[PDB]
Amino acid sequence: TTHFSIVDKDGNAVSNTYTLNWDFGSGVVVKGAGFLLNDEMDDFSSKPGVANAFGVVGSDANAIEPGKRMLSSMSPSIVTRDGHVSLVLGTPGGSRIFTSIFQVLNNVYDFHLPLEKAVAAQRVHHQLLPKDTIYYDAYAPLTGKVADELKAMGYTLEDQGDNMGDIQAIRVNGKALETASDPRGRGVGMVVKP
């Protein structure tokens, strides 16, 4: 999955998340055309109660049916205030996408952190199943006192083996624009003057 955010000089905004699902999707390339096909079907529930590759389960609602869209976690987002765009953001990360966005929003609006710090900050994830399991990434792993305290409460801590997101965000501060590209990835941001 990947995400990008754009704001234009008229105050219009696009937040776009799209994907093959897993890296390079199904691994199948269309011979003669050169593009990879998605493996997006694993986002369906293949069997009630059985986790998919992201650890999420389902039953009837997200079961496979012809012509049906498979449940997603992709959450391209635009925050506004007083009818004007104030923050554009999104991220990859499967079932971590909306929890990562939640954390960035908490960092910006509750902890009042500057945008680059709100995006660089450690993020973690829990999703009910696996039971009492909290995920972290090697970019900002759970360690030290906080890790011991969580372990002592009964939580299992696990390195999930890939970065927890790749936030690409634009903050609009009155007429001024700010960008942030997650240090976890290789993104680039630019403000573009008329």
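Don't overthink the numbering: it's just position in the shown sequence, from 1.
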Exercise for the section: Please work out which of 8 to 16 and 180 to 188 has the higher mean CA B-factor as recorded in the PDB entry. Expected result: 180 to 188
Problem - Mean temperature factor over C-alpha atoms, higher-scoring stretch between 66 to 74 and 132 to 140 - result: 132 to 140
Fill in the blank from the handout: Reading the B-factor column for Cα atoms of 165, 34, 154, 27, the highest value belongs to 154
Fill in the blank from the handout: By the entry's values, the third containing the CA B factor of residue 59 is the highest
Fill in the blank from the handout: Here the Cα B-factor of residue 38, set against its chain, lands in the third termed lowest
